[PDB]
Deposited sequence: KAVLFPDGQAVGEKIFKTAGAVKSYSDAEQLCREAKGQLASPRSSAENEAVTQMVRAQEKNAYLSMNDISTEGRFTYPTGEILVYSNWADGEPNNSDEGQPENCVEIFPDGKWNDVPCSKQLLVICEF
């Protein structure tokens, strides 16, 4: 089970992993890391973070061009929800239980939320 918005479904098993391990878990499940593209999608992911009491990874990263955060397609963000002062190396993105985002080191261990 999980939270859905439109045709997108977000799911978690409560796993806590580094970015690379998180990406592999979602891909092996035939999904990808949570990639909220709208307010409504962001709120669905946020509800799951609040339930699990653990910040989660989003998919987006700036490893290709610093400051330019992209999806696994390589396309630029169509939506963002950065915390005050963010983005403030921190190439990956976490989402807080208040729904705001913070760039983080990709070695950080965070909740794994996948989208389908």
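- Sequence ranges 1-6, 95-100 have no coordinates in this entry (deposited sequence, numbered from 1, C-alpha basis).
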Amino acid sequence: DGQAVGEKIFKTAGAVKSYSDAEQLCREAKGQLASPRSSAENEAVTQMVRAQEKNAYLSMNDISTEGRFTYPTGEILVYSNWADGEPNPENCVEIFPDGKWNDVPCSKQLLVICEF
From here on, numbers count along this sequence of modelled residues.
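- Checked against the record, the higher mean CA B factor of 58-66 and 29-37 lies with 58-66.
- The stretch with the higher mean CA B factor, choosing between 47-55 and 67-75, is 67-75.
- Each of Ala22, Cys106, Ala13, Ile95 has a CA temperature factor in the record; the biggest one is found at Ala13.
- Sort the chain's modelled residues by C-alpha temperature factor and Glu7 lands in the middle third, per the entry.
- Sorting the modelled residues of the chain by their CA temperature factor places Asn91 in the highest third.
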